Structure formats: structure tokens, C-alpha cells
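Shown here: entry_30.cif, mmCIF, C-alpha atoms.
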data_upload
#
loop_
_atom_site.group_PDB
_atom_site.id
_atom_site.type_symbol
_atom_site.label_atom_id
_atom_site.label_comp_id
_atom_site.auth_asym_id
_atom_site.auth_seq_id
_atom_site.Cartn_x
_atom_site.Cartn_y
_atom_site.Cartn_z
ATOM 1 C CA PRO N 1044 -41.064 146.709 -135.147
ATOM 2 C CA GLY N 1045 -43.916 144.961 -133.331
ATOM 3 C CA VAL N 1046 -42.486 144.748 -129.799
ATOM 4 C CA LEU N 1047 -43.834 146.763 -126.859
ATOM 5 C CA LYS N 1048 -41.180 146.350 -124.152
ATOM 6 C CA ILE N 1049 -38.406 143.897 -123.286
ATOM 7 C CA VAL N 1050 -37.092 142.940 -119.837
ATOM 8 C CA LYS N 1051 -33.538 141.673 -119.305
ATOM 9 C CA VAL N 1052 -32.690 139.885 -116.046
ATOM 10 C CA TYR N 1053 -29.063 139.160 -115.133
ATOM 11 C CA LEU N 1054 -28.174 136.086 -113.071
ATOM 12 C CA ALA N 1055 -24.862 135.745 -111.234
ATOM 13 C CA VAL N 1056 -23.412 132.441 -110.026
ATOM 14 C CA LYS N 1057 -20.232 131.672 -108.084
ATOM 15 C CA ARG N 1058 -18.697 128.486 -109.472
ATOM 16 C CA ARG N 1059 -15.996 126.786 -107.398
ATOM 17 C CA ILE N 1060 -13.401 124.104 -108.080
ATOM 18 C CA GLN N 1061 -14.911 120.712 -108.906
ATOM 19 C CA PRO N 1062 -13.280 117.430 -109.959
ATOM 20 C CA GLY N 1063 -13.146 117.711 -113.737
ATOM 21 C CA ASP N 1064 -12.365 121.405 -114.148
ATOM 22 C CA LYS N 1065 -9.334 121.822 -116.399
ATOM 23 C CA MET N 1066 -6.508 123.679 -114.632
ATOM 24 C CA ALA N 1067 -3.371 124.325 -116.683
ATOM 25 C CA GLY N 1068 -0.131 126.237 -116.282
ATOM 26 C CA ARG N 1069 1.656 128.843 -118.356
ATOM 27 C CA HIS N 1070 4.318 126.572 -119.876
ATOM 28 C CA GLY N 1071 1.804 124.126 -121.322
ATOM 29 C CA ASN N 1072 1.178 121.550 -118.611
ATOM 30 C CA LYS N 1073 -2.569 120.857 -118.631
ATOM 31 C CA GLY N 1074 -4.888 118.474 -116.824
ATOM 32 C CA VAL N 1075 -8.228 118.196 -115.038
ATOM 33 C CA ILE N 1076 -8.484 118.140 -111.254
ATOM 34 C CA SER N 1077 -8.844 114.542 -110.090
ATOM 35 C CA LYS N 1078 -9.672 114.618 -106.370
ATOM 36 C CA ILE N 1079 -9.947 117.351 -103.743
ATOM 37 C CA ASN N 1080 -7.816 115.659 -101.101
ATOM 38 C CA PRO N 1081 -8.270 116.793 -97.476
ATOM 39 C CA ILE N 1082 -5.491 118.930 -96.021
ATOM 40 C CA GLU N 1083 -4.371 116.359 -93.443
ATOM 41 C CA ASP N 1084 -3.772 113.713 -96.124
ATOM 42 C CA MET N 1085 -1.701 115.979 -98.374
ATOM 43 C CA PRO N 1086 2.099 115.624 -98.116
ATOM 44 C CA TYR N 1087 3.714 117.977 -95.611
ATOM 45 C CA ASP N 1088 7.322 119.124 -95.431
ATOM 46 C CA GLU N 1089 9.446 119.221 -92.280
ATOM 47 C CA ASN N 1090 8.139 122.596 -91.096
ATOM 48 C CA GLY N 1091 4.553 121.310 -91.374
ATOM 49 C CA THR N 1092 3.148 123.411 -94.214
ATOM 50 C CA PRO N 1093 1.249 121.116 -96.614
ATOM 51 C CA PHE J 8 5.449 100.338 -69.890
ATOM 52 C CA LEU J 9 5.493 104.138 -69.684
ATOM 53 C CA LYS J 10 2.484 106.427 -70.130
ATOM 54 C CA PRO J 11 3.105 109.926 -71.548
ATOM 55 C CA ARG J 12 1.992 112.954 -69.542
ATOM 56 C CA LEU J 13 1.960 116.633 -70.467
ATOM 57 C CA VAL J 14 4.901 118.330 -68.743
ATOM 58 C CA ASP J 15 5.560 121.702 -70.421
ATOM 59 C CA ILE J 16 3.178 123.818 -72.498
ATOM 60 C CA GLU J 17 4.990 126.970 -73.586
ATOM 61 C CA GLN J 18 3.431 129.818 -75.575
ATOM 62 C CA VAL J 19 6.048 131.555 -77.722
ATOM 63 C CA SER J 20 3.333 133.752 -79.240
ATOM 64 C CA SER J 21 -0.420 134.270 -78.878
ATOM 65 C CA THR J 22 -1.094 132.125 -81.978
ATOM 66 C CA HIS J 23 1.362 129.222 -81.962
ATOM 67 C CA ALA J 24 2.628 127.180 -79.019
ATOM 68 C CA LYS J 25 4.577 123.991 -78.288
ATOM 69 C CA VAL J 26 3.193 121.043 -76.322
ATOM 70 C CA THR J 27 5.524 118.356 -74.965
ATOM 71 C CA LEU J 28 4.830 114.741 -74.025
ATOM 72 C CA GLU J 29 7.927 113.702 -72.109
ATOM 73 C CA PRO J 30 7.901 109.990 -71.113
ATOM 74 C CA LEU J 31 7.004 108.264 -74.384
ATOM 75 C CA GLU J 32 8.282 104.749 -75.034
ATOM 76 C CA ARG J 33 10.023 103.652 -78.221
ATOM 77 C CA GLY J 34 7.735 103.261 -81.219
ATOM 78 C CA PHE J 35 4.630 104.885 -79.758
ATOM 79 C CA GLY J 36 6.112 108.350 -80.303
ATOM 80 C CA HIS J 37 5.505 108.582 -84.043
ATOM 81 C CA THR J 38 2.307 106.522 -83.796
ATOM 82 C CA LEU J 39 0.836 109.001 -81.320
ATOM 83 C CA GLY J 40 2.230 111.977 -83.231
ATOM 84 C CA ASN J 41 0.734 111.232 -86.639
ATOM 85 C CA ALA J 42 -2.701 110.405 -85.223
ATOM 86 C CA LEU J 43 -2.713 113.438 -82.912
ATOM 87 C CA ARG J 44 -1.732 115.602 -85.886
ATOM 88 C CA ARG J 45 -4.453 114.300 -88.211
ATOM 89 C CA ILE J 46 -7.188 114.478 -85.560
ATOM 90 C CA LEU J 47 -6.050 117.936 -84.450
ATOM 91 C CA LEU J 48 -5.986 119.242 -88.022
ATOM 92 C CA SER J 49 -9.321 117.796 -89.115
ATOM 93 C CA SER J 50 -11.866 117.753 -86.289
ATOM 94 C CA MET J 51 -11.734 120.574 -83.733
ATOM 95 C CA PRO J 52 -14.595 122.775 -82.464
ATOM 96 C CA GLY J 53 -14.367 126.405 -83.514
ATOM 97 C CA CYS J 54 -16.442 129.529 -84.022
ATOM 98 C CA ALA J 55 -16.855 131.426 -87.286
ATOM 99 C CA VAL J 56 -19.397 133.753 -88.857
ATOM 100 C CA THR J 57 -22.216 132.240 -90.895
ATOM 101 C CA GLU J 58 -24.610 135.053 -91.840
ATOM 102 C CA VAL J 59 -24.024 138.790 -92.290
ATOM 103 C CA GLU J 60 -26.834 141.353 -92.602
ATOM 104 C CA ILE J 61 -25.851 144.840 -93.789
ATOM 105 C CA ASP J 62 -28.317 147.710 -93.298
ATOM 106 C CA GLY J 63 -28.651 149.027 -96.846
ATOM 107 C CA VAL J 64 -27.181 146.609 -99.374
ATOM 108 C CA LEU J 65 -29.327 143.889 -100.953
ATOM 109 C CA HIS J 66 -27.044 141.261 -102.520
ATOM 110 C CA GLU J 67 -23.357 140.357 -102.465
ATOM 111 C CA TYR J 68 -22.391 141.828 -105.855
ATOM 112 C CA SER J 69 -23.412 145.395 -105.043
ATOM 113 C CA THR J 70 -21.252 148.336 -103.978
ATOM 114 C CA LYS J 71 -22.106 150.848 -101.247
ATOM 115 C CA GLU J 72 -21.469 154.591 -101.272
ATOM 116 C CA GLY J 73 -19.033 155.390 -98.453
ATOM 117 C CA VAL J 74 -17.133 152.086 -98.305
ATOM 118 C CA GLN J 75 -13.845 151.772 -100.185
ATOM 119 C CA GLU J 76 -14.414 148.044 -100.824
ATOM 120 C CA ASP J 77 -17.124 146.002 -102.477
ATOM 121 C CA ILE J 78 -19.470 143.993 -100.276
ATOM 122 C CA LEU J 79 -17.672 140.847 -101.456
ATOM 123 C CA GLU J 80 -14.418 142.134 -99.959
ATOM 124 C CA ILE J 81 -16.207 142.920 -96.689
ATOM 125 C CA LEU J 82 -17.615 139.387 -96.562
ATOM 126 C CA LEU J 83 -14.212 137.851 -97.313
ATOM 127 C CA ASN J 84 -12.625 139.921 -94.539
ATOM 128 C CA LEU J 85 -15.438 138.939 -92.165
ATOM 129 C CA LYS J 86 -14.800 135.254 -92.884
ATOM 130 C CA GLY J 87 -11.386 135.546 -91.240
ATOM 131 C CA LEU J 88 -12.625 136.806 -87.865
ATOM 132 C CA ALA J 89 -11.226 135.100 -84.755
ATOM 133 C CA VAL J 90 -14.177 134.991 -82.350
ATOM 134 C CA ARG J 91 -14.249 132.949 -79.131
ATOM 135 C CA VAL J 92 -17.675 132.509 -77.531
ATOM 136 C CA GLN J 93 -18.399 131.182 -74.026
ATOM 137 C CA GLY J 94 -21.925 129.792 -73.851
ATOM 138 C CA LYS J 95 -24.580 129.343 -76.522
ATOM 139 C CA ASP J 96 -23.760 128.570 -80.149
ATOM 140 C CA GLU J 97 -25.756 131.189 -82.069
ATOM 141 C CA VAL J 98 -24.751 134.675 -80.897
ATOM 142 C CA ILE J 99 -25.432 137.762 -83.018
ATOM 143 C CA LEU J 100 -23.095 140.763 -82.913
ATOM 144 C CA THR J 101 -23.593 144.348 -84.082
ATOM 145 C CA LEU J 102 -21.174 146.818 -85.679
ATOM 146 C CA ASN J 103 -21.865 150.560 -85.862
ATOM 147 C CA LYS J 104 -19.244 153.052 -87.057
ATOM 148 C CA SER J 105 -19.874 156.470 -88.614
ATOM 149 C CA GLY J 106 -16.939 158.568 -89.789
ATOM 150 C CA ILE J 107 -13.826 158.524 -91.959
ATOM 151 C CA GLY J 108 -11.396 155.920 -90.668
ATOM 152 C CA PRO J 109 -10.655 152.206 -90.985
ATOM 153 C CA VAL J 110 -13.201 150.169 -89.033
ATOM 154 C CA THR J 111 -11.718 147.329 -86.986
ATOM 155 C CA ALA J 112 -12.896 144.372 -84.920
ATOM 156 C CA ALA J 113 -12.832 146.646 -81.859
ATOM 157 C CA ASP J 114 -15.776 148.617 -83.265
ATOM 158 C CA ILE J 115 -17.891 145.463 -82.901
ATOM 159 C CA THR J 116 -20.084 145.934 -79.826
ATOM 160 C CA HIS J 117 -18.817 143.234 -77.473
ATOM 161 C CA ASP J 118 -21.251 141.262 -75.330
ATOM 162 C CA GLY J 119 -20.588 139.565 -71.987
ATOM 163 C CA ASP J 120 -19.453 136.268 -73.533
ATOM 164 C CA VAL J 121 -18.014 136.950 -77.008
ATOM 165 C CA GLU J 122 -14.441 138.294 -76.916
ATOM 166 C CA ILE J 123 -12.632 139.084 -80.175
ATOM 167 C CA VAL J 124 -9.023 137.971 -79.790
ATOM 168 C CA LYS J 125 -7.729 140.186 -82.632
ATOM 169 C CA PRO J 126 -9.048 143.763 -82.240
ATOM 170 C CA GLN J 127 -6.898 145.104 -85.107
ATOM 171 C CA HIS J 128 -8.610 143.071 -87.849
ATOM 172 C CA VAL J 129 -9.725 145.542 -90.513
ATOM 173 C CA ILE J 130 -13.151 144.952 -92.066
ATOM 174 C CA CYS J 131 -13.827 147.960 -94.307
ATOM 175 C CA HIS J 132 -12.576 151.498 -94.929
ATOM 176 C CA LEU J 133 -14.910 154.487 -94.657
ATOM 177 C CA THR J 134 -13.906 157.320 -96.998
ATOM 178 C CA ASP J 135 -16.354 160.085 -96.085
ATOM 179 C CA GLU J 136 -17.585 162.096 -93.118
ATOM 180 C CA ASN J 137 -21.229 161.405 -94.073
ATOM 181 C CA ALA J 138 -21.063 157.607 -94.366
ATOM 182 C CA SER J 139 -22.328 154.915 -92.005
ATOM 183 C CA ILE J 140 -22.210 151.112 -91.978
ATOM 184 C CA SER J 141 -24.236 148.735 -89.795
ATOM 185 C CA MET J 142 -24.154 144.934 -89.847
ATOM 186 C CA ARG J 143 -25.583 142.012 -87.872
ATOM 187 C CA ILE J 144 -22.977 139.236 -87.798
ATOM 188 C CA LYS J 145 -24.232 135.837 -86.618
ATOM 189 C CA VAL J 146 -21.493 133.653 -85.108
ATOM 190 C CA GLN J 147 -22.154 129.963 -84.455
ATOM 191 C CA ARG J 148 -20.059 126.972 -83.457
ATOM 192 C CA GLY J 149 -19.195 124.204 -85.869
ATOM 193 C CA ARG J 150 -16.702 121.594 -87.008
ATOM 194 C CA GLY J 151 -14.872 121.405 -90.324
ATOM 195 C CA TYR J 152 -15.552 123.218 -93.580
ATOM 196 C CA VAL J 153 -19.244 123.831 -94.306
ATOM 197 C CA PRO J 154 -19.823 125.626 -97.638
ATOM 198 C CA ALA J 155 -22.652 128.071 -98.255
ATOM 199 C CA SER J 156 -24.139 125.975 -101.083
ATOM 200 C CA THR J 157 -25.209 122.936 -99.045
ATOM 201 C CA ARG J 158 -26.510 125.246 -96.298
ATOM 202 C CA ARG J 166 -34.458 133.638 -96.955
ATOM 203 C CA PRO J 167 -34.991 137.426 -96.688
ATOM 204 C CA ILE J 168 -33.363 139.373 -99.511
ATOM 205 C CA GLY J 169 -31.197 141.374 -97.119
ATOM 206 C CA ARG J 170 -29.461 138.355 -95.574
ATOM 207 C CA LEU J 171 -26.106 137.446 -97.149
ATOM 208 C CA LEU J 172 -24.601 133.980 -96.688
ATOM 209 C CA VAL J 173 -20.859 133.592 -96.055
ATOM 210 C CA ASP J 174 -19.028 130.266 -96.148
ATOM 211 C CA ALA J 175 -18.053 128.894 -92.740
ATOM 212 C CA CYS J 176 -14.512 127.780 -91.970
ATOM 213 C CA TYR J 177 -14.620 126.545 -88.369
ATOM 214 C CA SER J 178 -10.999 125.565 -87.724
ATOM 215 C CA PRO J 179 -9.082 126.843 -84.675
ATOM 216 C CA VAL J 180 -5.958 125.095 -86.001
ATOM 217 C CA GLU J 181 -3.933 126.098 -89.059
ATOM 218 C CA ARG J 182 -0.510 124.408 -88.926
ATOM 219 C CA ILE J 183 0.477 121.385 -86.819
ATOM 220 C CA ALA J 184 4.020 120.006 -86.978
ATOM 221 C CA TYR J 185 5.586 117.539 -84.549
ATOM 222 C CA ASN J 186 9.086 116.120 -84.122
ATOM 223 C CA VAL J 187 10.098 113.117 -82.006
ATOM 224 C CA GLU J 188 13.247 113.987 -80.045
ATOM 225 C CA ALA J 189 15.309 111.515 -78.042
ATOM 226 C CA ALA J 190 14.502 112.132 -74.385
ATOM 227 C CA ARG J 191 17.205 112.589 -71.743
ATOM 228 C CA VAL J 192 15.572 110.165 -69.274
ATOM 229 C CA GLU J 193 18.725 108.531 -67.929
ATOM 230 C CA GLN J 194 17.438 105.466 -66.042
ATOM 231 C CA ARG J 195 15.796 103.901 -69.098
ATOM 232 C CA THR J 196 17.292 104.549 -72.526
ATOM 233 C CA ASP J 197 15.530 104.630 -75.929
ATOM 234 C CA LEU J 198 12.850 106.897 -74.417
ATOM 235 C CA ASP J 199 11.786 109.853 -76.547
ATOM 236 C CA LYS J 200 9.653 112.957 -76.097
ATOM 237 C CA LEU J 201 7.014 114.221 -78.528
ATOM 238 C CA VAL J 202 7.161 117.972 -79.166
ATOM 239 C CA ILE J 203 4.039 119.188 -80.986
ATOM 240 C CA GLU J 204 3.828 122.703 -82.418
ATOM 241 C CA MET J 205 0.368 124.038 -83.246
ATOM 242 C CA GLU J 206 -0.376 127.307 -85.048
ATOM 243 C CA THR J 207 -3.864 128.306 -83.896
ATOM 244 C CA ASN J 208 -5.934 131.340 -84.864
ATOM 245 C CA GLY J 209 -6.285 132.601 -81.286
ATOM 246 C CA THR J 210 -9.597 130.874 -80.200
ATOM 247 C CA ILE J 211 -8.484 127.514 -78.728
ATOM 248 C CA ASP J 212 -6.092 126.789 -75.866
ATOM 249 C CA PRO J 213 -3.295 124.301 -76.691
ATOM 250 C CA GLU J 214 -3.853 122.143 -73.612
ATOM 251 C CA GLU J 215 -7.594 121.839 -74.232
ATOM 252 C CA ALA J 216 -7.097 121.142 -77.944
ATOM 253 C CA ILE J 217 -4.542 118.395 -77.275
ATOM 254 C CA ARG J 218 -6.747 116.824 -74.604
ATOM 255 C CA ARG J 219 -9.826 116.942 -76.842
ATOM 256 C CA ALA J 220 -7.974 115.344 -79.757
ATOM 257 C CA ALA J 221 -6.724 112.583 -77.454
ATOM 258 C CA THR J 222 -10.256 111.990 -76.162
ATOM 259 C CA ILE J 223 -11.625 111.823 -79.712
ATOM 260 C CA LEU J 224 -8.998 109.174 -80.429
ATOM 261 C CA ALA J 225 -10.005 107.344 -77.242
ATOM 262 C CA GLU J 226 -13.711 107.350 -78.127
ATOM 263 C CA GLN J 227 -12.973 106.103 -81.641
ATOM 264 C CA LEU J 228 -10.801 103.360 -80.121
ATOM 265 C CA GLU J 229 -13.734 101.913 -78.166
ATOM 266 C CA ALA J 230 -15.129 100.287 -81.324
ATOM 267 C CA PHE J 231 -12.789 97.279 -81.554
ATOM 268 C CA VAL J 232 -12.173 96.758 -77.838
#

Output the file's structure in the form of C-alpha cells.
Amino acid sequence: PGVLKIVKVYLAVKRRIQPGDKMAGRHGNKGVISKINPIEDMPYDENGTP
Amino acid sequence: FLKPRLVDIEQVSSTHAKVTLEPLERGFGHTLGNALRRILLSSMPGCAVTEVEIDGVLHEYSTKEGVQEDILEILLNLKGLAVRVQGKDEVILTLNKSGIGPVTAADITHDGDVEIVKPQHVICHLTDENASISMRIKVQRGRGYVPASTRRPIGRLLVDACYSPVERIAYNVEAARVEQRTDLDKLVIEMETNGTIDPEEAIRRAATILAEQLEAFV
């Protein structure tokens, strides 16, 4: 009672991974992401896949 | 001293190859290998899409009658397009398919310079005889990973750029069979490209980047 018309506007964002976002596993291991290390600096096995 | 020279560049497949530097002296093998792997992996010119303009849709999170996938799926598929241009940086393509059947990279109207190396790449699936899809894909050169956040009409949709003609680089120093001088080793470098760069040119460009960066303290 007393309102004429209402307008609802929906906003949509696309959040990505940032240092600080908590990322946990199924078993219970939790922990925030510390640093997004570049691919070349990440450890690589013998075949080359990092 | 001995100075390595390219001797054999074989291409087992269209994507991955194997470059060989035969006459490498002791010690410099691994030193060259690690640097030429990091430089190759990180900084290498490549072409990828940056902006996509569909005919009817307005924003990313909106479906389209006639296409079996959301516009987000179409954009994600378009991100992984292997396009090699020969000339200017900004080149705009055009896709026009009308009819039931999976559209591919071949449907993209090729120009005189752009040449899609993978014509079987599926973009979207049309599921009606009275459906049509038209897009204006803008492909530009670049270097590294440039997100869409750091980088105006309502129709234009922005897709993240992933300019990287290299995916997997793995080397292995093998003891060379050069009989006169012992302890010599060869550097065998395997590079898994996406189909846009040529192994010889990529190796040479990485070496030259190393050379230019070496001119600082010399």
C-alpha cells in the first residue's frame, strides 16, 4: 500500500581467483591462495608438464 | 670453445617438434636449456581473438534461439582458436553459417593473410533449419596473458586474450657422440605449440631475446 511501481535491476559479475580466496579440499585441507606463480616458475616433472 | 648450431629440426606432428643443438660444451648445456625454456614459455608473439560481435545477442549471459550452447560457451570456444596472421595486427574476420550442422573454423571467411591452422575446431552447434549466426571476430597480436578486466557499444563482447603459441616445453641434455672431443653434449628441446609458430623461428627469437637482455651488463 502506497507504492506505484518498483524496478529491479540485476547485475552480474565474473569474479576470478585472487590471492586471499579460500580454496579447500574435500577431506578437510583448507587454506587461502598465497601467490599466483607464473607457469615457468612452477615445478615441472620430467615430461615437462608443470 | 665450441658454439652450438641448429643441426636437425624434426616435426613428429603438426603441433609438437624437437629442436637439437649438437655441439654444446660441458656445463653450458643446462644453462642454455633452462633459460631457453623459461624465455620460450613466457614471452613469445602470438595471435588470439580479443573482441567478438554477434549479430543479435546483447550481453554474454544471454542465450540465442537456434544455438545449442550459451553465448559464454561460444566465447570460451572462440578463445581457443589457432589463428596465424601475416601482416597487420588488427584483422577482423566474419563467420556466416545458416543451417543445421556443427559450425567449424572452416566456415570462417578466410582473407588473403589469415589462415586458420585447425579447420575442425567446433564453435557452436546449430539445431534448426531456420537458424543463422553471424559474428565479427577481431584478431590481434600480443604477448603474454592480458585479461579482459584491465583492458563500448552494447553489442560488443570482450573475451580474455591468451597470446601464447607455446604450451609445453621440455628439454633433456644428452651426451653427444662427438668423438674427437669428449664431454660434449647435445641439447634436445621439445616444444608443444598450438600450430601458429614455427619451431626454428621460435627458438631463434627466444635466443635473440636472451641476447638483447644480455647487453645490459656488457

Next on the checklist: Should the cut-off be 7 Å, what would the residue list for chain J against chain N look like, counting only C-alpha atoms, as a PyMOL selection string?
Outcome noted: chain J and resi 45+48-49+182-184

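Atom CA of residue 101 of chain J lies 17.0 Å from atom CA of residue 132 of chain J.
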
Selection dump of the PyMOL selection byres ((chain J and resi 30) around 10), as a JSON list (two decimals) with C-alpha atoms, keeping the file's coordinate frame:
[["chain", "number", "residue", "atom", "x", "y", "z"],
["J", 9, "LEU", "CA", 5.49, 104.14, -69.68],
["J", 10, "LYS", "CA", 2.48, 106.43, -70.13],
["J", 11, "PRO", "CA", 3.10, 109.93, -71.55],
["J", 12, "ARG", "CA", 1.99, 112.95, -69.54],
["J", 13, "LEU", "CA", 1.96, 116.63, -70.47],
["J", 14, "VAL", "CA", 4.90, 118.33, -68.74],
["J", 27, "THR", "CA", 5.52, 118.36, -74.96],
["J", 28, "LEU", "CA", 4.83, 114.74, -74.03],
["J", 29, "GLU", "CA", 7.93, 113.70, -72.11],
["J", 31, "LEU", "CA", 7.00, 108.26, -74.38],
["J", 32, "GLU", "CA", 8.28, 104.75, -75.03],
["J", 33, "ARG", "CA", 10.02, 103.65, -78.22],
["J", 36, "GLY", "CA", 6.11, 108.35, -80.30],
["J", 190, "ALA", "CA", 14.50, 112.13, -74.39],
["J", 191, "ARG", "CA", 17.20, 112.59, -71.74],
["J", 192, "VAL", "CA", 15.57, 110.16, -69.27],
["J", 198, "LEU", "CA", 12.85, 106.90, -74.42],
["J", 199, "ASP", "CA", 11.79, 109.85, -76.55],
["J", 200, "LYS", "CA", 9.65, 112.96, -76.10],
["J", 201, "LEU", "CA", 7.01, 114.22, -78.53]]

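Against the coordinates shown, the PyMOL selection byres ((chain J and resi 56) around 8) returns residues 54, 55, 57, 58, 59, 85, 86, 88, 144, 145, 146, 147, 173 and 175 of chain J.
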
Checklist entry - Hey, can you pull every residue with an atom no more than 10 Å from (-13.5, 119.4, -108.0), using all atoms listed in the file, and send it as a list in words? => result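 Residues lying no farther than 10 Å from the given point: residues 1059, 1060, 1061, 1062, 1063, 1064, 1065, 1075, 1076, 1077, 1078, 1079 and 1080 of chain N.
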
Result set of the PyMOL selection byres ((chain J and resi 122) around 12) on the coordinates above, as a PDB file with C-alpha atoms, in the coordinates of the input:
ATOM      1  CA  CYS J  54     -16.442 129.529 -84.022  1.00  0.00           C
ATOM      2  CA  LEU J  88     -12.625 136.806 -87.865  1.00  0.00           C
ATOM      3  CA  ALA J  89     -11.226 135.100 -84.755  1.00  0.00           C
ATOM      4  CA  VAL J  90     -14.177 134.991 -82.350  1.00  0.00           C
ATOM      5  CA  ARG J  91     -14.249 132.949 -79.131  1.00  0.00           C
ATOM      6  CA  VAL J  92     -17.675 132.509 -77.531  1.00  0.00           C
ATOM      7  CA  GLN J  93     -18.399 131.182 -74.026  1.00  0.00           C
ATOM      8  CA  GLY J  94     -21.925 129.792 -73.851  1.00  0.00           C
ATOM      9  CA  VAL J  98     -24.751 134.675 -80.897  1.00  0.00           C
ATOM     10  CA  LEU J 100     -23.095 140.763 -82.913  1.00  0.00           C
ATOM     11  CA  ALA J 112     -12.896 144.372 -84.920  1.00  0.00           C
ATOM     12  CA  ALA J 113     -12.832 146.646 -81.859  1.00  0.00           C
ATOM     13  CA  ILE J 115     -17.891 145.463 -82.901  1.00  0.00           C
ATOM     14  CA  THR J 116     -20.084 145.934 -79.826  1.00  0.00           C
ATOM     15  CA  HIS J 117     -18.817 143.234 -77.473  1.00  0.00           C
ATOM     16  CA  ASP J 118     -21.251 141.262 -75.330  1.00  0.00           C
ATOM     17  CA  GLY J 119     -20.588 139.565 -71.987  1.00  0.00           C
ATOM     18  CA  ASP J 120     -19.453 136.268 -73.533  1.00  0.00           C
ATOM     19  CA  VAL J 121     -18.014 136.950 -77.008  1.00  0.00           C
ATOM     20  CA  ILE J 123     -12.632 139.084 -80.175  1.00  0.00           C
ATOM     21  CA  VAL J 124      -9.023 137.971 -79.790  1.00  0.00           C
ATOM     22  CA  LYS J 125      -7.729 140.186 -82.632  1.00  0.00           C
ATOM     23  CA  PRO J 126      -9.048 143.763 -82.240  1.00  0.00           C
ATOM     24  CA  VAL J 146     -21.493 133.653 -85.108  1.00  0.00           C
ATOM     25  CA  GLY J 209      -6.285 132.601 -81.286  1.00  0.00           C
ATOM     26  CA  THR J 210      -9.597 130.874 -80.200  1.00  0.00           C
TER      27      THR J 210
END

Checklist entry - Any idea what the distance is between atom CA of residue 207 of chain J and atom CA of residue 21 of chain J? => result 8.5 Å

Item to check | Atomic distance atom CA of residue 1073 of chain N - atom CA of residue 1086 of chain N, expressed in Å with one decimal | outcome: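 Calculated distance between atom CA of residue 1073 of chain N and atom CA of residue 1086 of chain N is 21.7 Å.
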
Checklist entry - Contacts of residue 103 of chain J at 10 Å or less, counting all atoms listed in the file, minus same-chain residues fewer than 5 places along, as a PyMOL selection string? => result chain J and resi 110+114-116+139-143

Taking N, CA and C atoms as the atom set, what does segment 1056-1071 of chain N look like once completed, written as a JSON list (two decimals), in the frame of the given file?
[["chain", "number", "residue", "atom", "x", "y", "z"],
["N", 1056, "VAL", "N", -23.76, 133.63, -110.79],
["N", 1056, "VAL", "CA", -23.41, 132.44, -110.03],
["N", 1056, "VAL", "C", -21.95, 132.53, -109.61],
["N", 1057, "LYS", "N", -21.59, 131.74, -108.61],
["N", 1057, "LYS", "CA", -20.23, 131.67, -108.08],
["N", 1057, "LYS", "C", -19.76, 130.22, -108.16],
["N", 1058, "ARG", "N", -19.21, 129.84, -109.31],
["N", 1058, "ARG", "CA", -18.70, 128.49, -109.47],
["N", 1058, "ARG", "C", -17.39, 128.31, -108.71],
["N", 1059, "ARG", "N", -17.20, 127.13, -108.14],
["N", 1059, "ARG", "CA", -16.00, 126.79, -107.40],
["N", 1059, "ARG", "C", -15.28, 125.64, -108.10],
["N", 1060, "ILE", "N", -14.18, 125.19, -107.50],
["N", 1060, "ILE", "CA", -13.40, 124.10, -108.08],
["N", 1060, "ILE", "C", -14.13, 122.79, -107.87],
["N", 1061, "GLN", "N", -14.29, 122.02, -108.94],
["N", 1061, "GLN", "CA", -14.91, 120.71, -108.91],
["N", 1061, "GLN", "C", -14.03, 119.71, -109.64],
["N", 1062, "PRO", "N", -14.05, 118.45, -109.23],
["N", 1062, "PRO", "CA", -13.28, 117.43, -109.96],
["N", 1062, "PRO", "C", -13.71, 117.33, -111.41],
["N", 1063, "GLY", "N", -12.82, 117.70, -112.33],
["N", 1063, "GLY", "CA", -13.15, 117.71, -113.74],
["N", 1063, "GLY", "C", -12.81, 119.03, -114.41],
["N", 1064, "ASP", "N", -12.69, 120.09, -113.61],
["N", 1064, "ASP", "CA", -12.36, 121.40, -114.15],
["N", 1064, "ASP", "C", -10.91, 121.44, -114.59],
["N", 1065, "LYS", "N", -10.69, 121.77, -115.86],
["N", 1065, "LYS", "CA", -9.33, 121.82, -116.40],
["N", 1065, "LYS", "C", -8.57, 122.98, -115.76],
["N", 1066, "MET", "N", -7.36, 122.69, -115.28],
["N", 1066, "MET", "CA", -6.51, 123.68, -114.63],
["N", 1066, "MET", "C", -5.09, 123.50, -115.17],
["N", 1067, "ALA", "N", -4.65, 124.43, -116.01],
["N", 1067, "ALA", "CA", -3.37, 124.32, -116.68],
["N", 1067, "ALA", "C", -2.43, 125.43, -116.22],
["N", 1068, "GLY", "N", -1.15, 125.26, -116.57],
["N", 1068, "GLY", "CA", -0.13, 126.24, -116.28],
["N", 1068, "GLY", "C", 0.21, 127.09, -117.49],
["N", 1069, "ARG", "N", 1.21, 127.96, -117.29],
["N", 1069, "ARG", "CA", 1.66, 128.84, -118.36],
["N", 1069, "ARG", "C", 2.51, 128.13, -119.39],
["N", 1070, "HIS", "N", 3.37, 127.20, -118.96],
["N", 1070, "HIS", "CA", 4.32, 126.57, -119.88],
["N", 1070, "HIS", "C", 3.61, 125.66, -120.87],
["N", 1071, "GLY", "N", 2.53, 125.01, -120.44],
["N", 1071, "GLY", "CA", 1.80, 124.13, -121.32],
["N", 1071, "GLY", "C", 1.27, 122.89, -120.63]]
